[PDB]
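Below is one structure, written out as structure tokens; the observations come after it.
Order of listing sets the numbers, starting from 1, for every ligand and every atom in it. We name chains A, B, ... by the order of the sequence lines, and we start the count at 1 in each one. Atom set for the values below is all heavy atoms of this structure, side chains included, hydrogens, waters and symmetry mates excluded.
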Amino acid sequence: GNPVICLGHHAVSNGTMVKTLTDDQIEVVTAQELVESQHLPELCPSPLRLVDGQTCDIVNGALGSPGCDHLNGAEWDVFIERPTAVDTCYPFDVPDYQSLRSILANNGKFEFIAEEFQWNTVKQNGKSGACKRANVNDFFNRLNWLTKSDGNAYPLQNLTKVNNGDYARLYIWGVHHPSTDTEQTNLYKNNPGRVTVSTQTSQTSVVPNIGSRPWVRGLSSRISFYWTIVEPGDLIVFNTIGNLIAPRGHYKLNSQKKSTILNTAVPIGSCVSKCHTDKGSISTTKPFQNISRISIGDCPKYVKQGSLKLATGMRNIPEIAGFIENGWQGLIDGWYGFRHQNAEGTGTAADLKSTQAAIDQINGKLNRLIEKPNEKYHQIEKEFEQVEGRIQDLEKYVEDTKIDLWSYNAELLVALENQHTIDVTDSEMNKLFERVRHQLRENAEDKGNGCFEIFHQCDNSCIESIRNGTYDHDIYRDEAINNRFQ
Amino acid sequence: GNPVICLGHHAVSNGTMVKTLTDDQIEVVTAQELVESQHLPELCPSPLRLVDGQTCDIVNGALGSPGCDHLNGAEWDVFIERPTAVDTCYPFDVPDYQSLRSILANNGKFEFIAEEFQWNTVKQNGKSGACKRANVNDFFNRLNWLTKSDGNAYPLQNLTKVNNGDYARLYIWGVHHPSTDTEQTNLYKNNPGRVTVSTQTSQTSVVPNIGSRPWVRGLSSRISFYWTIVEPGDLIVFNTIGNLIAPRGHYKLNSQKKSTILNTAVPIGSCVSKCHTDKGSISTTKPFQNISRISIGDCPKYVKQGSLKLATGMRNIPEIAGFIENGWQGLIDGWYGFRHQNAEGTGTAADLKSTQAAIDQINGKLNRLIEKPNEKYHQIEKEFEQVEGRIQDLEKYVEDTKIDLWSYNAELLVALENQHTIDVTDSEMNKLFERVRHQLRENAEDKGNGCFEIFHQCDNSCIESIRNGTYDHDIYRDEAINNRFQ
Amino acid sequence: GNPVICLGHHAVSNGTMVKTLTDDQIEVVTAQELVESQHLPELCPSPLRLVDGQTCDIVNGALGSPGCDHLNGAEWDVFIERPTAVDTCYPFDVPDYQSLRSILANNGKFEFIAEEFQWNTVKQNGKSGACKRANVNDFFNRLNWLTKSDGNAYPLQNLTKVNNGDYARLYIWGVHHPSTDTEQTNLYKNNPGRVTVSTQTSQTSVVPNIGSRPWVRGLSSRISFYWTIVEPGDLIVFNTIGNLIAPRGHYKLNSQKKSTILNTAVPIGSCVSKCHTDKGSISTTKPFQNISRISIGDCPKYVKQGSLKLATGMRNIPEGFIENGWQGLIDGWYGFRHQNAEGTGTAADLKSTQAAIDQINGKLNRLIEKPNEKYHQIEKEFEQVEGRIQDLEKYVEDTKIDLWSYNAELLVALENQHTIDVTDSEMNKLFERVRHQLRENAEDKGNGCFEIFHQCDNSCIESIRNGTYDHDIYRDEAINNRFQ
Ligand SMILES: *[C@@H]1O[C@H](CO)[C@@H](O)[C@H](O)[C@H]1NC(C)=O
Ligand SMILES: *[C@@H]1O[C@H](CO)[C@@H](O)[C@H](O)[C@H]1NC(C)=O
Ligand SMILES: *[C@@H]1O[C@H](CO)[C@@H](O)[C@H](O)[C@H]1NC(C)=O
Ligand SMILES: *[C@@H]1O[C@H](CO)[C@@H](O)[C@H](O)[C@H]1NC(C)=O
Ligand SMILES: *[C@@H]1O[C@H](CO)[C@@H](O)[C@H](O)[C@H]1NC(C)=O
Ligand SMILES: *[C@@H]1O[C@H](CO)[C@@H](O)[C@H](O)[C@H]1NC(C)=O
């Protein structure tokens, strides 16, 4: 005969490379980036409740150093701690520092309950030139520096507090470390001193350390802070013959501990986001991010890859003939379509049903990549100033392992998605072609290039009947059969 | 040019929604749940060896507290520790309690070897009103409370035990802390006392802490317990001038520790199962469970999902015409089938080569799926009464991380399986169609809807020859061609 | 119409079983093992830097014990610690030994920087019979044992070292624990002694514990060792009235610690490899290994599986509705088998074969792509039980190995099912490519053979195989033989 109908698919001048199981660069018409690499320049104060430490890290917040008054009564989902935090009080350290920091941050509030402690015969409310408050010598406002009396006495202290409330209590207490033996006896009479804090099932006892040390805020002495949790029904004893930095009460512990801490210089802005990193919040719908392993809230999974491209279109093939060799750059209002050549000339029209089928499957894939919120809050430290050994080895190894596994998952996921997407769109093309083959029945012959040679005169109107499925092959059959075989 | 034979597949009234990579809800004929949500109200005492602590926790078992005698000589894969266990002996604490408990649990037995310690001049076998056995004062039966002689003497003790055997020895010993100086001298004469326990490479020196503890069951005196492991070829030394709570021997350590502990109130039953949780045993062949992260033995992976349905059958399309886009609800003795209409009438017959090819490919998925061990005994603690800091944060993070990784694995796997199953069953339908097409050769024409218009006369005789593959096309070729093209 | 043309695929006498999502046993033509099970009987000294401790473990190397001098100035990616290392000096303990060992190992070098400490009036360079060099009393050569002068004098020592360099400093110092009070006053005059070491950001003090320990190398006394890190800008104060075992300088810390330690008896050889285990180096391109969970460098992932076979060819069918495969076909994967008047024959199609070959090579190189290098990890074997921290360390590693073993199983199954589907798809594509070359001049026998309904000599048979055969020329002849 001579009128020809072709089936084919769209194509663009320049597409995007994606990966599959079998190769790392297959060009497809459209693609979607799955790794978020952009963050906001600020931290969003909504909807998570953020509290800014400003000059106070969370530990001198609990101790009550000068400049930390704004944190009294505070409640947070995320405590924002500044790397710029400045010391304003007595030089201290904290054995197992990170555990106290963790407990304070996880707890999520500063609610202090003043208690009267009947210390006997010793001086109270010791103050320091290294801890000026409102330009006067002062001290941590949650702590009480006991010293020997003017009569030169420091008798054994032995105070019990019973937890008969309905919440667990957190006591913070310290041990003072003088610079010389002379200082030890000048302050506490007894040498050595001893600080002992006991519950029903535990006991921390500390012998003070004596010796000259580097000047810190003018001083060679130090305080080491410790803490004790007291469950309801439990008791705590404070027992000393010297060097106790006494609590003035206790912090309330929440039963549910759901909060956390983020150490970052990034300012708090006005945006809205439930995902925070140390580099700023993230506002995205992508499932992965390469911005930071440190993240909090409703977040994308951290991976090592800078880019993972999800195919959102069929394979892109460059350019009458059908789909067996090429794609059609001219087809721009559909994914698949008909190209014809008859007496009245040529033309191209899109096929809606096959185009809509391929699009629905791709959107389906996209929606499935929207995971339900898997909100994470208190996790583990992921950056460290200096080496510590065993426990830090374990922490870095855990995070390193986790990241490798998720990066693998991401990599395999997009390869599998893309392989299927390509097969799905290849399959929609062949089904379109099969549909028409069966429409034409014995009236036409498969040319092999995705085109049917039709063996009867075919109108522009006869073409239209083929494309909308009203073509009745019986009408043309007699004529067609003997155009074909004779 | 009149008979029609159609190929199709079964369909049911109400299928089951499953998931693929592309779809959140696609309907299949049958499906299998992969997440176990049901557990037994009991713990199964076989094939794992369970020991019921009953009234004693495992640490009290090791010390030999009153009420713990049933544990003498016990061996276990899993020690069942009851939440209702109470302290019945002398008030004690254990500095690294969690680790002592873990070591005892992991070791898997209470095999005590008595040793005679030739203590000099001190009284042995001290007993107490705080540790009654049958309303008579007693003590931990693995421990030996040394006190001063009637002659008011507590001479230096210096006793050595060399390990010349072939296993490592666990020694448990304690230090007693009196309430007052008077109690100290009444018991041990010397004040202060000291206890020093050494091996070749290690030394533990404890100075008692007098009068710094709150009351427990009316006593503010307390014992602190320690442990020492002695490798073969090594030795242990006990050196004390007071307050030593001496061991009566040592426990044997198993160099291949593979036991653990489970804290639960769930009674031991008479079921059979290799998987235990704090909620009770699980008896299933499903590969996943959402019951508890605390599981021991040969267990299904714990996941977050409440349900993951695995398709065990083709797509369900409920409701003269073959398979192209609906299915036959009256096909019940096969998965795929022939439906015909000729002069003699109508009929449906199942094809079984096709039906079995599909079932065999599905069945294999299930056996691959429900396959190999997951043999895990001693793990880590996974629930916590109260925050502790760094190490517990790391323990929680490791577990939470593991669960997300397994939940992802479960989610993906079921989607991959279901996508494959759906392609497999679709493929089988089309292989069946192609088989018949190539049987008929030029005697029939593809009607486009999964049917063949047969252009010769065809009774029930030749219908079955089509269905059993004996149909000779050449017999009717002349008749059939004549009807096709005239 | 009776010449017949057929399309099929290669087969072999016997090939290899593989696994997919559905079956644990599907025979394919060729396959590749993805799990390395063989190691070298030695450790490769290239291209990573290995340093052999010999008789010296790393902690003694840091202290400068006899037999560790060869470690002076050493730099490593992997410190090789021998299980037969023994103590050769004063008996000592290190509180948190494992952390010191780990820091020394991770740091990756023994770059010691000597300093003059102007100790006042005390005697220096004390030696012991328990620490013999040649055959003379000696000592840890990084340490300086201070004792009272000849005039019974040990004045308070108070020495400062300021860090005005651009690297963190590691100081290792010690506290001596005498066996008796008489030994204490004999050595240090004062009783008790006191050792206090402090920076701006950390402080400690150690009161010596006087008492007898079990005899070791003729002594009941002990030294306990400590370390202190001093950052740039910080400084350190050594303050003492007795029992200090003084540093003679400090070690330099790299800002970028990239090294680790391997404890193994395996000898260092002459081979080349970038993956090391406790059982020897591994030289392989395979992505997985079942040799050891302890591995360092550029290594395959450790998995529990002994074997994971990846299909590198199509299903192997002996001797669908293609027959099975052709064993006669051995210069391609897919080909043509015909029979006309002048005889039979078989030829291989290039593209279909090459297309399948290319897609399979693609998998292989995506698989064997394989970078990221891991050095310092965690300890994975333990001599005695410890409780909590060791429990977590073992649990982490167990979890990791399970997850990766699962990944390996899933991956191979997915690749195999795809490799099979692709190679069957390429067969069927070759078929209906030919179908459209014949048009109306041939029919589908239903077994992959086209009944050519016209006289088809060797040279129309080739014409089909080069894409030239014109279906017009024989159309009338064909139709006449088909319907007549
Ligand atoms: C994330 O990836 C982008 C490009 O994909 C890259 O430019 C950026 O450096 C990456 N971010 C990090 C923190 O590596
Ligand atoms: C204790 O026994 C050990 C080993 O027999 C011995 O070396 C030491 O001198 C003894 N101590 C006393 C005080 O007798
Ligand atoms: C300290 O108080 C406890 C009870 O609160 C008491 O048992 C103990 O004896 C007291 N300490 C002294 C040295 O008396
Ligand atoms: C487990 O899943 C079932 C549904 O299959 C749900 O009803 C149940 O609440 C889940 N259990 C837990 C502990 O979440
Ligand atoms: C001890 O050394 C410190 C640190 O340099 C110094 O500040 C202090 O004054 C010294 N004390 C003396 C020399 O008595
Ligand atoms: C590794 O797998 C091989 C099988 O290829 C097996 O023979 C060998 O025992 C395995 N190695 C180990 C250490 O289990």
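Under 4.0 angstrom from ligand 2, the non-hydrogen atoms of B:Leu156 all belong to its side chain.
In the vicinity of C:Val237, heavy-atom distances shorter than 4.0 Å reach the ligand 5 atoms 4 (C). Near A:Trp215, with a cut-off below 4.0 Å to any heavy atom, the atoms of ligand 5 are 7 (O).
Regarding atom 14 (O) of ligand 3, its nearest protein heavy-atom neighbour is B:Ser179 O, 4.1 Å. In this structure, the protein non-hydrogen atom closest to atom 1 (C) of ligand 5 is C:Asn158 ND2, 1.4 Å.
Screening C:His177, C:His176, C:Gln184 for a side-chain hydrogen bond (donor to acceptor under 3.5 Å, both in side chains) with C:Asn243, the sole residue that qualifies is C:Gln184.
Aromatic ring centroids of B:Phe117 and B:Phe238 lie under 6.0 Å apart. Note: C:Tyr251 and C:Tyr167 fail the aromatic proximity criterion, with ring centroids not under 6.0 Å apart.
The side-chain heavy atoms of A:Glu231 and A:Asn163, taken from C-beta on, include no pair separated by under 4.5 Å.
Protein heavy atoms all stay at least 4.0 Å away from atom 5 (O) of ligand 2. Under the 4.0 Å distance rule, the nearest protein heavy atom to atom 9 (O) of ligand 2 falls outside the cut-off.
Taking only non-hydrogen atoms, the option from B:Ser220, B:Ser212, B:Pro214, B:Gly211 nearest to atom 13 (C) of ligand 3 is B:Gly211.
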